[PDB]
Amino acid sequence: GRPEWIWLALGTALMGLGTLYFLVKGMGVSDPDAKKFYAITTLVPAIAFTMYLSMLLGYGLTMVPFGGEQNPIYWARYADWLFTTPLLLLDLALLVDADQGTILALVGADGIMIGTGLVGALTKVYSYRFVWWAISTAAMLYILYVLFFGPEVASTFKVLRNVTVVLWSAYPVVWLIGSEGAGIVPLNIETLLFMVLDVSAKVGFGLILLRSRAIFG
Amino acid sequence: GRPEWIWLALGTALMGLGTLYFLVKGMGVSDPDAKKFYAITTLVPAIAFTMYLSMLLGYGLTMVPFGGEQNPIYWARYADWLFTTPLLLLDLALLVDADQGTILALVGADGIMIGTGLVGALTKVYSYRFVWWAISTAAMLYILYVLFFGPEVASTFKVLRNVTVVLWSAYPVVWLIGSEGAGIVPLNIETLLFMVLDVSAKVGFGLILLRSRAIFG
Amino acid sequence: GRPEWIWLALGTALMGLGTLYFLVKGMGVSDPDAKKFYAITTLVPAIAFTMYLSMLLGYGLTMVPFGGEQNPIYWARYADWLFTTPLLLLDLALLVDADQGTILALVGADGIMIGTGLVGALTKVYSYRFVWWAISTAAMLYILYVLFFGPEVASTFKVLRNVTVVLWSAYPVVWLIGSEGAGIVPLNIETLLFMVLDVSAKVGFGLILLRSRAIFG
Ligand SMILES: *C/C=C(C)/C=C/C=C(C)/C=C/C1=C(C)CCCC1(C)C
Ligand SMILES: *C/C=C(C)/C=C/C=C(C)/C=C/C1=C(C)CCCC1(C)C
Ligand SMILES: *C/C=C(C)/C=C/C=C(C)/C=C/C1=C(C)CCCC1(C)C
């Protein structure tokens with residue numbers, strides 16, 4: 001029905017498989033630290049899976065009036081990211097044994113990032129949408145700042161940090177030019193971009209982490 | 001007005017009394033571990049109380065169109081379970097000194113279980129409701145799996161585990177045959193079943209736990 | 001447009017500045033304990049800032065029918081308080097090294113306090129609104145009870161405790177006489193009162209705490 005459906009179906013499938021793979025891979029792990037990383041990393045795509053399914057079936061989709069039109073907004077993404085983005089930061093923070101003050105800063109900022117993103121997404125005054133985008137972006141930049149200025153461990157963290165910064169930074173650009181923002185890129189193509197980003201930031205990120213010896217004490 | 005009102009009133013009352021009883025019972029406890037179990041166990045029915053009240057007054061009730069009808073759906077249950085089910089798992093996990101990786105797995109899975117349950121409850125495409133029910137059930141079965149394959153302590157945990165598995169497993173069956181699912185059992189009877197299950201899984205479970213010497217260090 | 005706009009604008013500004021001040025002030029802190037207090041205390045007004053902005057732009061405002069009228073209800077306050085009030089309790093609890101059982105009690109009770117407040121705010125049956133207000137108030141009184149009956153540290157905690165009790169206690173009175181309750185005080189004046197309370201309980205509270213040597217190990 002909706003041209004973006006194929007990407008949602010493929011997104012659902014790839015999150016589903018990634019979840020199952022990490023579930024299997026994690027069986028037999030007894031190391032307490034390793035358990036933590038498997039739990040976090042498996043839960044990410046499991047949640048993403050349910051929200052991709054939500055969007056595919058049309059449950060995670062609403063219409064937001066602005067700019068003199070009914071704009072199709074997939075709210076289910078913010079429900080996803082609200083839980084998955086903090087968990088991904090938690091993998092990075094636990095990897096470097098970050099202290100609780102820094103964890104709370106990252107989680108807090110993340111919560112704000114997604115929350116303002118959501119408000120932006122559903123705002124009916126076109127111009128205001130972008131005020132929310134700017135605040136959320138500030139919060140993202142704060143997160144990237146902490147990650148950078150807040151041997152196997154070092155090495156794996158550096159790789160996952162670089163992966164994070166490049167992928168996460170693309171989301172505000174996609175949002176801004178997409179159907180939630182300027183509407184210069186059509187929803188179908190926006191949906192494809194977000195699937196590639198999400199699968200890379202969840203399953204891609206997850207394969208790198210769970211194959212490393214850093215997760216083990 | 002609504003025939004199920006009596007069960008909601010009785011549910012409200014019994015959660016209310018259970019909360020007060022556990023509040024009193026917990027006064028004077030100085031043991032740090034015991035405090036944790038009293039806090040968790042008292043908070044469960046306190047939350048359940050407010051949501052039963054919500055449903056009784058009609059605040060926690062919405063109409064969901066599907067199958068060519070306006071179906072009365074008490075959404076307030078998912079608001080309740082979203083917080084109470086994780087807390088009940090937290091009692092069990094703390095009882096056996098489970099590690100944080102296992103706690104996060106259980107909490108995560110629980111969140112998914114209830115979240116998908118909620119989406120199912122509010123889904124307007126009849127057939128899709130059951131896709132959500134199946135996912136949520138998978139998550140429940142994962143939880144039951146971890147509880148089983150993930151002396152006073154051992155003994156009390158075994159009793160509370162068995163209580164949990166039997167009561168929790170009935171919820172998907174009640175949902176499936178109830179007004180949220182197949183609609184072969186009328187809402188009034190469905191409401192009665194859920195009250196008996198909820199009071200047994202919260203106050204019943206809570207009496208067993210708070211009377212045990214396992215809670216003490 | 002709305003006469004209360006000036007207070008929302010001023011509220012937004014003052015939370016914004018407080019956030020920036022605490023962000024700057026916190027740079028260079030290396031002490032793990034101090035980090036925790038800076039993270040918590042900076043995040044409070046940051047969240048408050050976004051919700052004040054929400055209300056100013058009109059996003060955090062809905063109309064609730066009751067008493068034969070369309071009543072303008074700023075729901076964005078409960079979204080704010082839901083996260084900021086627990087964080088403020090967390091500052092106090094960490095200050096006195098409270099145990100996890102007490103933290104969970106305070107957080108739990110807080111969650112209930114705000115949650116019932118929200119339900120009250122949006123309830124369409126006028127008389128029921130006040131049942132919810134009474135429950136939420138009970139939860140508040142429980143919180144105040146725990147704070148009181150549950151040298152620099154002692155001294156700073158006593159000052160912040162006294163600040164908390166006096167400011168927090170005014171909220172139910174403002175709600176009750178305001179546009180959410182009895183409607184004897186007009187929304188503009190209610191909005192002013194809440195701004196003064198919020199800025200005092202967040203920035204005021206935050207200046208006292210972050211200037212103390214108690215935050216340091
Ligand atoms: C699995 C999903 C991931 C890792 C998603 C990350 C999402 C972001 C970093 C989104 C950022 C946004 C902004 C900074 C501006 C406002 C719009 C958002 C929410 C797309
Ligand atoms: C106090 C409440 C308790 C212990 C409730 C537990 C609820 C469940 C285990 C519900 C499970 C469900 C499924 C597995 C399938 C989908 C429908 C649900 C949410 C009823
Ligand atoms: C930054 C905000 C703060 C510290 C707000 C605290 C809010 C309260 C203590 C609100 C309490 C309420 C009641 C006890 C009764 C019901 C209405 C409420 C939610 C206003």
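Each ligand, and each atom within it, is numbered from 1 in the order the structure gives. Letters go in sequence order (proteins before strands), and every chain restarts at 1. The figures here come from the full heavy-atom set of this structure, side chains too, leaving out hydrogens, waters and symmetry mates.
At a 4.0 Å heavy-atom cut-off, the residues surrounding ligand 3 are C:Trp81, C:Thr85, C:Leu88, C:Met113, C:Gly117, C:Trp133, C:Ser136, C:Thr137, C:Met140, C:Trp168, C:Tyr171, C:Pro172, C:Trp175, C:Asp198, C:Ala201, C:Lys202, listed by chain and number.
Only one option out of B:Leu187, B:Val196, B:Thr12, B:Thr191 pairs with B:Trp7 in a side-chain contact (heavy atoms from CB on, under 4.5 Å); it is B:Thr191.
A search for salt bridge (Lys or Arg N to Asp or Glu O under 4.0 Å) contacts involving C:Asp80 returns C:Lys202, not counting sequence neighbours. Taking C:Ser179 as the reference, C:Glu190 meet the side-chain hydrogen bond (donor to acceptor under 3.5 Å, both in side chains) condition, with sequence neighbours excluded. Residues satisfying the side-chain contact (heavy atoms from CB on, under 4.5 Å) criterion with B:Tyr78, sequence neighbours excluded, are B:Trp81, B:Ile114, B:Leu118, B:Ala121, B:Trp175, B:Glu180.
Other residues, nucleotides and ligands contribute more than 12 heavy atoms inside 6.0 Å of the OH atom of A:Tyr59.
Remark: aromatic rings of C:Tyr171 and C:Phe194 are close, center separation under 6.0 Å.
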